[PDB]
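Undergrad: After the structure tokens below, expect a handful of questions from me.
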Amino acid sequence: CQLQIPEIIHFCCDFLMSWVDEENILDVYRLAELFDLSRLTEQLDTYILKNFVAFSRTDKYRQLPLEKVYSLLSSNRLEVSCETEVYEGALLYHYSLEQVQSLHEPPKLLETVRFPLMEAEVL
Amino acid sequence: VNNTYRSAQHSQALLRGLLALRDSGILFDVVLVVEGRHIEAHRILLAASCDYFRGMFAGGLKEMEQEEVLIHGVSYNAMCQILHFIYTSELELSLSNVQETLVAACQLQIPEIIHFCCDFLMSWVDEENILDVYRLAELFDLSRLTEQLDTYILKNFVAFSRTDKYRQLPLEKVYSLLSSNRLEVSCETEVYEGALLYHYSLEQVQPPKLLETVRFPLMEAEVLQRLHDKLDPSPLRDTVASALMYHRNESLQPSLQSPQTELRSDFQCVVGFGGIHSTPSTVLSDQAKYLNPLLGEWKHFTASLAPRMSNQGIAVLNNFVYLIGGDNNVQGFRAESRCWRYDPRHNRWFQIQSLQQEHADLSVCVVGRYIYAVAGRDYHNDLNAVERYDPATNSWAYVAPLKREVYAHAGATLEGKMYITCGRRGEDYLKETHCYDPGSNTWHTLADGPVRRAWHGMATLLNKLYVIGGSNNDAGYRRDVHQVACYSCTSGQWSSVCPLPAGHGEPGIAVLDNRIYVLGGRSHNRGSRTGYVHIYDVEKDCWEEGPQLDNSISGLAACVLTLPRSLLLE
Amino acid sequence: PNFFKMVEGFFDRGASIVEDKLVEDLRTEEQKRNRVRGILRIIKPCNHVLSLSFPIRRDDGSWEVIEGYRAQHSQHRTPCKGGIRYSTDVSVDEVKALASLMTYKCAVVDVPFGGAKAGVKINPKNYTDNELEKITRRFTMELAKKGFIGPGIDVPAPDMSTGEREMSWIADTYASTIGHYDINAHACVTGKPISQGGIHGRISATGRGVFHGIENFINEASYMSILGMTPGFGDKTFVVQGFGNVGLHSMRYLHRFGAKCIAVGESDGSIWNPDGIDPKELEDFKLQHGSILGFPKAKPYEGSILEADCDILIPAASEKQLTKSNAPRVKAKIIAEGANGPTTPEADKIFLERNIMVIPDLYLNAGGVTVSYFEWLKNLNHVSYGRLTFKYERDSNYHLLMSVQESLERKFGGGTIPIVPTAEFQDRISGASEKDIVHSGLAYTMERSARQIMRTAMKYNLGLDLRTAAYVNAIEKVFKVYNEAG
């Protein structure tokens, strides 16, 4: 980045993202925050949007910021399959992962789920 | 596993950086004072500005690593031209910088610059600048404009007789063009007179090795026979007499091969004509279009009086094919009365005499007094009568029975050598497999096939015939046989190849620059022929789109003859 | 090929196989029995087909005409059984082919019915309840006028596009206009709900039939020694393609009696779990929201499930699921056709070549017609099954237990108490109902039909080609019935 090389830096970031292990999860978000690269942040956001389903089961969802996750879910660009999965992800973001595997407090992020878009029987 | 991506606009960035370095006035590592003129510039930028400067003063020699570099023959005009080219980033000639550049390039010892100047002069050659063009041609005489200069001199020999450009024009190229017979000409009457006038002065019309360098017998003697008859005696008249007897020897065309009858060029390919197409396309193939490698497609042309033969035999015997009858009952029997032979050496075709017995789809070798066929069979059924097919002589005579009972078998001369793998008793698979070589006309001992597999697809692997796997109902399903058996006596080792998805039963054998191509095939699962043509290279381990024939035919004969003018011109 | 030719070639094969033995096996005169083989050509064509055209008032005052069809294949047994389909794809050829299939369908399982099929060229989604009411009433009246609805003549049944709701209308519209004087007017149609005279256990009939058919063949040593099973409890894995009524019911019963369901598929994407899938959880998940996508503890398997590794395959989906291309790439050992012709004849020879057992569809899903026959009998009897015998049997069993207890106490002096039944027997006694009798009858019928099919296949020297065995058995039964009258 100091040498003003966009192509090489972007290729290296893409290779690191595509070869990022689970044990090096903390080495990706911190690196993206520190480097402030114009392409690393977009790659991290795309990876989050594509692997939120996997991160929900793991503890990575808890480590991820709640406000950023809510903002990403609010935008009509995340890839989702069913409203139940969206509700489970919202609960995991707004509550402890171990607790899920607390609906007493209605979180603000719960309103981001489109109620009319859900199944009539499920609703 | 690192890769390297290069942008297409990096030249502009490099030029801008060089200009910035030159205008900065700093980062100077080489200081040279010549003729009392002091300037400041970058050595790398100066080397990159010109073309021969980088190869001359930056060649890594002893002079390239010295404070002072000695330059001889470099005038101020060359420096001005280099500066102008560096500033304007343009390399071209004009009406005021043509003679000066050529004059200054003679002492620069730059062959590339001289060739470029000669090419520019040729591209801007007019009647008022004949002397300058001739001087530029004499100074350089580039190997790329030599043919054009020779053609221009020959086409204007009347003016070139008194012009000085004739002496500076190439002589070998003109002589080669004069002896050439494939040159594009719209006529052979005015062109012949023009060539005669160019070669020799009008006074002659009205030792020297170059005179004997012309191969008259090699060229087209049909049009030059009249000229040679009135000319002085030469030993080139024997070829004309020998070729006269070849006109009445259409049946014995393969047998009448001569040392001067070699196949012109190596334009061997697959033409989508001939054969009988039953599956998967119900369309009769009639367009005789030849694929043009320069154009990449088989453009349609006027195929007037094209040789249209159906279910004709396929053989490769010194570029001459001899076959009797034709049978394709495996893919659908189709009676035909037209028989054609591919003889590119003679550039002619004729209707061969039909033999009494329709035996084909075998190996034909040009040996002995006539082509010999291994046993024989009817169109679709075995017969108790054994005879040898002699279409050339049309003589139906009984022959001795073959060692192995083979009817409508498959065989071909792979890489110019006859070979047979396993066998099949017609359309019904048998249990005993015997390899009988049609070339030797005997049951030669070979390795017994442990697995009853036959009628497989054979391609050119390791410069030898190889059959791997197969597709039949003998295995109980449409799977691939793990055992691969190949007999390579010359190689001495088995040739590993991918299994053939489509079986090749009595198909045409074609060799195109050692690149095996398969059209059609046998598909037992579909109950018909193969609707697509696929080539499975073992080394590539992938499926690639090869040359797709117009008609998906099986066992279609390939004809090589004189192409139409429109087809040749693409 | 289409369905008509596919079902037409089977009869030709069966008749050609039968004739040689049937000429002498039934001879009892001038060796003219060969000319008697016109009986076989009588069986082929359908006896009667009828096309209708009736008006409807509509809810907006407009008028429309509706085309309907009904075919009757065989009249060798007076009551005819068939379904009624509400679709725009119906045609005379389809209904006559389905009736032809239904005749042999009934003949295989010893159900004394004929064969029929009906179709109404209509889209149910384009009409409200009132329009469907009017359609059903007018269609039933028009059929009754010409004599295609009578309880002793023709008995309809629900198809995939119709339910018990339409049959409730048919029953009372026939019982109040034409068959008012008929004591058995309510027996004209089967498949109606309980309140108007339905039968219990009608929902799970086809699944029970499929399970019993599979069980009867998975417990035969001779047939499963050809491939090697050690069958019945070896925790054999199975996959179900299509999660409709029959698939769900059969899968639940198979899991209940010791089987592991590995993969479940549908029209959309499938799932996979080597640990097994709980039928109740999957059913609840599907009932909760639409399809079974995103089921927990179910990996979203990709690729052709028909080629997935398993032991039993249940293609309960649309026609010709298995073709020539798919046939050699499957790994299943037993194919259980739960729908109408999942496999094509071109792929049947492929399975026969690699000794893959295929249980015919003509036999596997006869539970639907068996329970319909039972419901028809119940309607004729004017009483539910077992009402007059449950208490008598309970008292008899209690008396037997008391007698054995007293007799055993007599010899051994202390007092033994064998009077107490087991928990399963006590639960069976307490909750006896009609469903038990229906299930018992269905199981008995399936077992007897399986035994007959096996013995026929053994007698005509057939291998694993059970389809031809079933068709030959049906044709022989029909010929035997039809010969001894004319």
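Residues in the structure tokens are named by chain (A, B, ... in the order shown) and by number from 1 within that chain; ligands are numbered from 1 in the order shown.
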Near stretch 544-554 of chain B, counting only C-alpha atoms, which residues have an atom at most 9 Å away, once you skip same-chain residues fewer than 4 positions from it, shown as a PDB file with N, CA and C atoms, in the first residue's frame?

TA:
ATOM      1  N   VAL B 270      -9.635 -32.889 -43.384  1.00  0.00           N
ATOM      2  CA  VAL B 270     -10.879 -33.644 -43.484  1.00  0.00           C
ATOM      3  C   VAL B 270     -11.893 -32.783 -44.222  1.00  0.00           C
ATOM      4  N   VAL B 271     -12.524 -33.358 -45.244  1.00  0.00           N
ATOM      5  CA  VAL B 271     -13.531 -32.672 -46.043  1.00  0.00           C
ATOM      6  C   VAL B 271     -14.870 -33.352 -45.805  1.00  0.00           C
ATOM      7  N   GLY B 272     -15.885 -32.561 -45.467  1.00  0.00           N
ATOM      8  CA  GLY B 272     -17.198 -33.101 -45.173  1.00  0.00           C
ATOM      9  C   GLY B 272     -17.978 -33.490 -46.411  1.00  0.00           C
ATOM     10  N   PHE B 273     -17.440 -34.433 -47.180  1.00  0.00           N
ATOM     11  CA  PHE B 273     -18.097 -34.928 -48.380  1.00  0.00           C
ATOM     12  C   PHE B 273     -17.910 -36.436 -48.461  1.00  0.00           C
ATOM     13  N   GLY B 274     -18.838 -37.089 -49.152  1.00  0.00           N
ATOM     14  CA  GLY B 274     -18.789 -38.523 -49.334  1.00  0.00           C
ATOM     15  C   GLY B 274     -19.406 -39.288 -48.176  1.00  0.00           C
ATOM     16  N   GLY B 275     -19.511 -40.600 -48.371  1.00  0.00           N
ATOM     17  CA  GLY B 275     -20.077 -41.476 -47.366  1.00  0.00           C
ATOM     18  C   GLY B 275     -21.591 -41.479 -47.373  1.00  0.00           C
ATOM     19  N   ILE B 276     -22.145 -42.306 -46.490  1.00  0.00           N
ATOM     20  CA  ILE B 276     -23.588 -42.436 -46.316  1.00  0.00           C
ATOM     21  C   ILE B 276     -23.918 -42.072 -44.877  1.00  0.00           C
ATOM     22  N   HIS B 277     -24.738 -41.040 -44.700  1.00  0.00           N
ATOM     23  CA  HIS B 277     -25.107 -40.559 -43.375  1.00  0.00           C
ATOM     24  C   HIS B 277     -26.543 -40.965 -43.070  1.00  0.00           C
ATOM     25  N   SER B 278     -26.711 -41.849 -42.088  1.00  0.00           N
ATOM     26  CA  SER B 278     -28.029 -42.286 -41.644  1.00  0.00           C
ATOM     27  C   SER B 278     -28.412 -41.714 -40.287  1.00  0.00           C
ATOM     28  N   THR B 279     -27.482 -41.694 -39.338  1.00  0.00           N
ATOM     29  CA  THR B 279     -27.712 -41.154 -38.010  1.00  0.00           C
ATOM     30  C   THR B 279     -26.535 -40.279 -37.601  1.00  0.00           C
ATOM     31  N   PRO B 280     -26.774 -39.252 -36.770  1.00  0.00           N
ATOM     32  CA  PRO B 280     -28.058 -38.814 -36.212  1.00  0.00           C
ATOM     33  C   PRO B 280     -28.744 -37.752 -37.065  1.00  0.00           C
ATOM     34  N   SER B 281     -28.145 -37.416 -38.204  1.00  0.00           N
ATOM     35  CA  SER B 281     -28.681 -36.402 -39.102  1.00  0.00           C
ATOM     36  C   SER B 281     -29.194 -37.060 -40.376  1.00  0.00           C
ATOM     37  N   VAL B 283     -29.694 -35.902 -43.349  1.00  0.00           N
ATOM     38  CA  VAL B 283     -29.396 -34.971 -44.431  1.00  0.00           C
ATOM     39  C   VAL B 283     -28.226 -35.524 -45.231  1.00  0.00           C
ATOM     40  N   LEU B 284     -28.371 -35.551 -46.553  1.00  0.00           N
ATOM     41  CA  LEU B 284     -27.315 -36.048 -47.427  1.00  0.00           C
ATOM     42  C   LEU B 284     -26.246 -34.975 -47.596  1.00  0.00           C
ATOM     43  N   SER B 285     -24.993 -35.344 -47.353  1.00  0.00           N
ATOM     44  CA  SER B 285     -23.886 -34.408 -47.489  1.00  0.00           C
ATOM     45  C   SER B 285     -23.492 -34.275 -48.954  1.00  0.00           C
ATOM     46  N   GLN B 287     -22.157 -30.692 -50.085  1.00  0.00           N
ATOM     47  CA  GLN B 287     -21.279 -29.539 -50.230  1.00  0.00           C
ATOM     48  C   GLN B 287     -19.827 -29.966 -50.053  1.00  0.00           C
ATOM     49  N   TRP B 298     -14.639 -23.524 -43.501  1.00  0.00           N
ATOM     50  CA  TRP B 298     -14.829 -24.140 -44.815  1.00  0.00           C
ATOM     51  C   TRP B 298     -15.862 -23.335 -45.606  1.00  0.00           C
ATOM     52  N   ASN B 328     -21.790 -50.188 -45.561  1.00  0.00           N
ATOM     53  CA  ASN B 328     -21.921 -49.540 -44.263  1.00  0.00           C
ATOM     54  C   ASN B 328     -23.193 -50.000 -43.568  1.00  0.00           C
ATOM     55  N   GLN B 331     -24.043 -49.048 -39.731  1.00  0.00           N
ATOM     56  CA  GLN B 331     -24.694 -47.770 -39.478  1.00  0.00           C
ATOM     57  C   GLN B 331     -25.847 -47.502 -40.437  1.00  0.00           C
ATOM     58  N   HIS B 504     -15.254 -47.170 -32.896  1.00  0.00           N
ATOM     59  CA  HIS B 504     -14.975 -46.918 -34.309  1.00  0.00           C
ATOM     60  C   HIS B 504     -15.044 -48.250 -35.049  1.00  0.00           C
ATOM     61  N   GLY B 505     -16.173 -48.506 -35.706  1.00  0.00           N
ATOM     62  CA  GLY B 505     -16.350 -49.737 -36.448  1.00  0.00           C
ATOM     63  C   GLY B 505     -16.321 -49.533 -37.948  1.00  0.00           C
ATOM     64  N   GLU B 506     -15.252 -50.003 -38.589  1.00  0.00           N
ATOM     65  CA  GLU B 506     -15.055 -49.871 -40.027  1.00  0.00           C
ATOM     66  C   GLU B 506     -15.147 -48.410 -40.481  1.00  0.00           C
ATOM     67  N   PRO B 507     -14.518 -47.489 -39.759  1.00  0.00           N
ATOM     68  CA  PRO B 507     -14.553 -46.079 -40.147  1.00  0.00           C
ATOM     69  C   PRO B 507     -13.357 -45.707 -41.018  1.00  0.00           C
ATOM     70  N   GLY B 508     -13.426 -44.499 -41.574  1.00  0.00           N
ATOM     71  CA  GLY B 508     -12.348 -43.999 -42.411  1.00  0.00           C
ATOM     72  C   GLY B 508     -11.154 -43.588 -41.570  1.00  0.00           C
ATOM     73  N   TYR B 517      -8.195 -37.361 -35.637  1.00  0.00           N
ATOM     74  CA  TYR B 517      -9.517 -36.784 -35.454  1.00  0.00           C
ATOM     75  C   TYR B 517     -10.561 -37.848 -35.751  1.00  0.00           C
ATOM     76  N   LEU B 519     -14.668 -38.663 -36.355  1.00  0.00           N
ATOM     77  CA  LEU B 519     -15.983 -38.159 -36.718  1.00  0.00           C
ATOM     78  C   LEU B 519     -16.982 -39.304 -36.646  1.00  0.00           C
ATOM     79  N   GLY B 520     -18.081 -39.085 -35.933  1.00  0.00           N
ATOM     80  CA  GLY B 520     -19.059 -40.130 -35.736  1.00  0.00           C
ATOM     81  C   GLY B 520     -18.579 -41.180 -34.751  1.00  0.00           C
ATOM     82  N   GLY B 521     -19.279 -42.299 -34.752  1.00  0.00           N
ATOM     83  CA  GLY B 521     -18.940 -43.402 -33.876  1.00  0.00           C
ATOM     84  C   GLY B 521     -20.130 -44.321 -33.692  1.00  0.00           C
ATOM     85  N   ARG B 522     -19.942 -45.295 -32.807  1.00  0.00           N
ATOM     86  CA  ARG B 522     -20.966 -46.278 -32.478  1.00  0.00           C
ATOM     87  C   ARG B 522     -21.484 -45.999 -31.074  1.00  0.00           C
ATOM     88  N   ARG B 529     -26.078 -43.828 -34.447  1.00  0.00           N
ATOM     89  CA  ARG B 529     -24.709 -43.339 -34.529  1.00  0.00           C
ATOM     90  C   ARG B 529     -24.523 -42.187 -33.543  1.00  0.00           C
ATOM     91  N   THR B 530     -23.312 -41.636 -33.492  1.00  0.00           N
ATOM     92  CA  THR B 530     -22.996 -40.550 -32.571  1.00  0.00           C
ATOM     93  C   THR B 530     -23.346 -39.221 -33.228  1.00  0.00           C
ATOM     94  N   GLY B 531     -24.178 -38.427 -32.558  1.00  0.00           N
ATOM     95  CA  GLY B 531     -24.558 -37.123 -33.058  1.00  0.00           C
ATOM     96  C   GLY B 531     -23.550 -36.022 -32.833  1.00  0.00           C
ATOM     97  N   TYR B 532     -22.469 -36.302 -32.108  1.00  0.00           N
ATOM     98  CA  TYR B 532     -21.429 -35.320 -31.847  1.00  0.00           C
ATOM     99  C   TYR B 532     -20.068 -35.978 -32.003  1.00  0.00           C
ATOM    100  N   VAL B 533     -19.068 -35.165 -32.341  1.00  0.00           N
ATOM    101  CA  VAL B 533     -17.699 -35.628 -32.525  1.00  0.00           C
ATOM    102  C   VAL B 533     -16.853 -35.078 -31.388  1.00  0.00           C
ATOM    103  N   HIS B 534     -16.205 -35.974 -30.645  1.00  0.00           N
ATOM    104  CA  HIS B 534     -15.387 -35.600 -29.501  1.00  0.00           C
ATOM    105  C   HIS B 534     -14.020 -36.256 -29.610  1.00  0.00           C
ATOM    106  N   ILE B 535     -12.983 -35.505 -29.248  1.00  0.00           N
ATOM    107  CA  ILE B 535     -11.609 -35.994 -29.230  1.00  0.00           C
ATOM    108  C   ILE B 535     -11.125 -35.955 -27.789  1.00  0.00           C
ATOM    109  N   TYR B 536     -10.677 -37.101 -27.282  1.00  0.00           N
ATOM    110  CA  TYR B 536     -10.242 -37.247 -25.895  1.00  0.00           C
ATOM    111  C   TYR B 536      -8.741 -37.525 -25.889  1.00  0.00           C
ATOM    112  N   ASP B 537      -7.946 -36.459 -25.835  1.00  0.00           N
ATOM    113  CA  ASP B 537      -6.501 -36.610 -25.759  1.00  0.00           C
ATOM    114  C   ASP B 537      -6.091 -37.096 -24.375  1.00  0.00           C
ATOM    115  N   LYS B 540      -3.861 -34.346 -22.633  1.00  0.00           N
ATOM    116  CA  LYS B 540      -4.636 -33.177 -22.226  1.00  0.00           C
ATOM    117  C   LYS B 540      -5.561 -33.489 -21.058  1.00  0.00           C
TER     118      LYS B 540
END

Undergrad: Within 10 Å of chain A, which residues of chain B are there when counting only C-alpha atoms? Please give them as an NGL selection string.

TA: :B and (4-7)

Undergrad: Using the selection just defined, write its residues with N, CA, C and O atoms as a short mmCIF file (atom, residue, chain, number, x, y, z; two decimals), in the first residue's frame.

TA:
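Writing done, so here's result.cif:
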data_model
loop_
_atom_site.label_atom_id
_atom_site.label_comp_id
_atom_site.auth_asym_id
_atom_site.auth_seq_id
_atom_site.Cartn_x
_atom_site.Cartn_y
_atom_site.Cartn_z
N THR B 4 2.14 -13.18 -12.87
CA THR B 4 2.57 -11.80 -13.10
C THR B 4 1.58 -11.14 -14.05
O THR B 4 1.42 -11.60 -15.18
N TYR B 5 0.93 -10.08 -13.59
CA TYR B 5 -0.02 -9.32 -14.40
C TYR B 5 0.63 -8.02 -14.84
O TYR B 5 1.13 -7.25 -14.01
N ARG B 6 0.62 -7.77 -16.15
CA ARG B 6 1.20 -6.57 -16.74
C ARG B 6 0.10 -5.74 -17.38
O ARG B 6 -0.67 -6.25 -18.20
N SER B 7 0.03 -4.47 -17.01
CA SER B 7 -0.96 -3.57 -17.59
C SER B 7 -0.56 -3.21 -19.02
O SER B 7 0.61 -3.26 -19.40
#

Undergrad: Write out as a ChimeraX atom specification the residues lying within 12 Å of stretch 12-28 of chain B, counting only C-alpha atoms and excluding same-chain residues fewer than 3 positions away.

TA: /B:7-9,31-32,39-49,86-89

Undergrad: Just the selected residues (N, CA and C atoms), exported as a PDB file, in the first residue's frame, please.

TA:
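Here's the written file part.pdb:
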ATOM      1  N   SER B   7       0.027  -4.467 -17.006  1.00  0.00           N
ATOM      2  CA  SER B   7      -0.957  -3.572 -17.594  1.00  0.00           C
ATOM      3  C   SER B   7      -0.563  -3.208 -19.021  1.00  0.00           C
ATOM      4  N   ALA B   8      -1.564  -2.835 -19.819  1.00  0.00           N
ATOM      5  CA  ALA B   8      -1.345  -2.446 -21.203  1.00  0.00           C
ATOM      6  C   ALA B   8      -1.033  -0.967 -21.374  1.00  0.00           C
ATOM      7  N   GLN B   9      -1.167  -0.164 -20.320  1.00  0.00           N
ATOM      8  CA  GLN B   9      -0.845   1.255 -20.363  1.00  0.00           C
ATOM      9  C   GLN B   9       0.482   1.573 -19.686  1.00  0.00           C
ATOM     10  N   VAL B  31      28.228  10.854 -17.672  1.00  0.00           N
ATOM     11  CA  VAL B  31      28.525  12.169 -18.229  1.00  0.00           C
ATOM     12  C   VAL B  31      29.455  11.976 -19.418  1.00  0.00           C
ATOM     13  N   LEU B  32      29.017  12.430 -20.590  1.00  0.00           N
ATOM     14  CA  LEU B  32      29.793  12.315 -21.817  1.00  0.00           C
ATOM     15  C   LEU B  32      29.821  13.664 -22.518  1.00  0.00           C
ATOM     16  N   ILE B  39      25.330  18.423 -22.263  1.00  0.00           N
ATOM     17  CA  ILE B  39      23.908  18.259 -22.002  1.00  0.00           C
ATOM     18  C   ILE B  39      23.735  17.356 -20.788  1.00  0.00           C
ATOM     19  N   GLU B  40      22.558  17.450 -20.173  1.00  0.00           N
ATOM     20  CA  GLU B  40      22.202  16.633 -19.020  1.00  0.00           C
ATOM     21  C   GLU B  40      20.990  15.782 -19.367  1.00  0.00           C
ATOM     22  N   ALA B  41      21.141  14.464 -19.246  1.00  0.00           N
ATOM     23  CA  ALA B  41      20.058  13.541 -19.549  1.00  0.00           C
ATOM     24  C   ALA B  41      20.326  12.220 -18.846  1.00  0.00           C
ATOM     25  N   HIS B  42      19.276  11.413 -18.731  1.00  0.00           N
ATOM     26  CA  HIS B  42      19.377  10.098 -18.118  1.00  0.00           C
ATOM     27  C   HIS B  42      19.881   9.077 -19.131  1.00  0.00           C
ATOM     28  N   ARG B  43      20.803   8.223 -18.678  1.00  0.00           N
ATOM     29  CA  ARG B  43      21.360   7.201 -19.559  1.00  0.00           C
ATOM     30  C   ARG B  43      20.295   6.202 -19.992  1.00  0.00           C
ATOM     31  N   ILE B  44      19.445   5.770 -19.057  1.00  0.00           N
ATOM     32  CA  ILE B  44      18.383   4.826 -19.394  1.00  0.00           C
ATOM     33  C   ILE B  44      17.391   5.461 -20.359  1.00  0.00           C
ATOM     34  N   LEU B  45      17.015   6.716 -20.106  1.00  0.00           N
ATOM     35  CA  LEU B  45      16.093   7.410 -21.001  1.00  0.00           C
ATOM     36  C   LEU B  45      16.698   7.588 -22.387  1.00  0.00           C
ATOM     37  N   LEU B  46      17.984   7.943 -22.452  1.00  0.00           N
ATOM     38  CA  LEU B  46      18.645   8.095 -23.745  1.00  0.00           C
ATOM     39  C   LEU B  46      18.702   6.771 -24.495  1.00  0.00           C
ATOM     40  N   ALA B  47      18.997   5.678 -23.785  1.00  0.00           N
ATOM     41  CA  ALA B  47      19.038   4.368 -24.428  1.00  0.00           C
ATOM     42  C   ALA B  47      17.663   3.955 -24.934  1.00  0.00           C
ATOM     43  N   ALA B  48      16.616   4.212 -24.146  1.00  0.00           N
ATOM     44  CA  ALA B  48      15.265   3.836 -24.541  1.00  0.00           C
ATOM     45  C   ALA B  48      14.689   4.741 -25.623  1.00  0.00           C
ATOM     46  N   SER B  49      15.222   5.955 -25.777  1.00  0.00           N
ATOM     47  CA  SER B  49      14.711   6.867 -26.797  1.00  0.00           C
ATOM     48  C   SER B  49      14.945   6.314 -28.199  1.00  0.00           C
ATOM     49  N   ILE B  86      12.033  10.828 -29.955  1.00  0.00           N
ATOM     50  CA  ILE B  86      11.795  10.766 -28.516  1.00  0.00           C
ATOM     51  C   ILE B  86      10.736  11.780 -28.102  1.00  0.00           C
ATOM     52  N   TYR B  87      10.801  12.995 -28.650  1.00  0.00           N
ATOM     53  CA  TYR B  87       9.863  14.041 -28.256  1.00  0.00           C
ATOM     54  C   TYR B  87       8.455  13.763 -28.774  1.00  0.00           C
ATOM     55  N   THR B  88       8.330  13.403 -30.051  1.00  0.00           N
ATOM     56  CA  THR B  88       7.026  13.215 -30.671  1.00  0.00           C
ATOM     57  C   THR B  88       6.479  11.800 -30.524  1.00  0.00           C
ATOM     58  N   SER B  89       7.308  10.843 -30.101  1.00  0.00           N
ATOM     59  CA  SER B  89       6.898   9.443 -29.965  1.00  0.00           C
ATOM     60  C   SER B  89       6.327   8.905 -31.275  1.00  0.00           C
TER      61      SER B  89
END

Undergrad: Would you mind listing what lies within 7 Å of stretch 263-278 of chain C as a CSV table (one decimal) with C-alpha atoms, in the first residue's frame, with only C-alpha atoms counted and same-chain residues fewer than 3 positions away left out?

TA:
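New file out_16.csv:
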chain,number,residue,atom,x,y,z
C,239,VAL,CA,-33.9,-43.0,0.6
C,240,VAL,CA,-37.3,-41.5,-0.2
C,241,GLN,CA,-37.7,-39.2,-3.3
C,242,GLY,CA,-40.9,-37.2,-3.1
C,243,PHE,CA,-42.3,-36.3,0.3
C,260,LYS,CA,-32.7,-45.8,8.7
C,281,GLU,CA,-39.4,-33.8,13.3
C,282,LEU,CA,-39.2,-33.7,9.5
C,297,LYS,CA,-29.3,-31.7,11.2
C,298,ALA,CA,-29.7,-32.2,7.4
C,299,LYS,CA,-26.9,-31.4,5.0
C,300,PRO,CA,-28.1,-29.9,1.7
C,301,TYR,CA,-27.0,-32.7,-0.5

Undergrad: Determine which residues of chain A sit within 9 Å of chain C, taking into account only C-alpha atoms, and present them as a ChimeraX atom specification.

TA: /A:81-82,85,119-122

Undergrad: Go ahead and dump the residues you just picked, C-alpha atoms, as an mmCIF file, in the first residue's frame.

TA:
data_model
loop_
_atom_site.group_PDB
_atom_site.id
_atom_site.type_symbol
_atom_site.label_atom_id
_atom_site.label_comp_id
_atom_site.auth_asym_id
_atom_site.auth_seq_id
_atom_site.Cartn_x
_atom_site.Cartn_y
_atom_site.Cartn_z
ATOM 1 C CA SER A 81 -33.046 -18.524 2.526
ATOM 2 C CA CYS A 82 -35.811 -18.511 5.160
ATOM 3 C CA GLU A 85 -32.762 -18.486 9.756
ATOM 4 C CA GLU A 119 -44.496 -17.643 5.834
ATOM 5 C CA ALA A 120 -48.115 -17.115 6.856
ATOM 6 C CA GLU A 121 -48.196 -20.230 9.046
ATOM 7 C CA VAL A 122 -44.822 -19.375 10.603
#

Undergrad: Taking only C-alpha atoms into account, which residues of chain C are within 8 Å of chain B, as a CSV table (one decimal) with N, CA, C and O atoms, in the first residue's frame?

TA:
chain,number,residue,atom,x,y,z
C,324,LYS,N,-32.8,-44.5,-19.3
C,324,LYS,CA,-31.7,-45.3,-19.7
C,324,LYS,C,-30.4,-44.7,-19.2
C,324,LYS,O,-29.5,-45.4,-18.8
C,328,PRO,N,-27.6,-47.1,-15.3
C,328,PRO,CA,-26.4,-47.7,-14.9
C,328,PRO,C,-25.6,-47.0,-13.8
C,328,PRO,O,-24.7,-47.6,-13.2
C,350,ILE,N,-32.0,-52.7,-18.4
C,350,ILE,CA,-30.7,-52.4,-17.8
C,350,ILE,C,-30.6,-53.0,-16.4
C,350,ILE,O,-29.7,-53.6,-16.0
C,353,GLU,N,-30.4,-56.7,-16.4
C,353,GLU,CA,-29.0,-57.2,-16.7
C,353,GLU,C,-28.1,-57.3,-15.5
C,353,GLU,O,-27.4,-58.2,-15.4
C,354,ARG,N,-28.2,-56.3,-14.6
C,354,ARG,CA,-27.4,-56.2,-13.4
C,354,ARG,C,-28.1,-56.7,-12.2
C,354,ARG,O,-27.9,-56.2,-11.1

Undergrad: What lies within 10 Å of residue C:56 using only C-alpha atoms, ignoring chain neighbours under 2 positions off, as JSON, numbers by chain?

TA: {"C": [54, 58, 59, 61, 62, 63, 64, 65, 66, 131, 134, 135, 138]}

Undergrad: So that I can see what lies close to residue B:417, please list as a count of residues only the residues with an atom at most 12 Å from it, counting only C-alpha atoms and leaving out residues fewer than 3 positions away in the same chain.

TA: 23
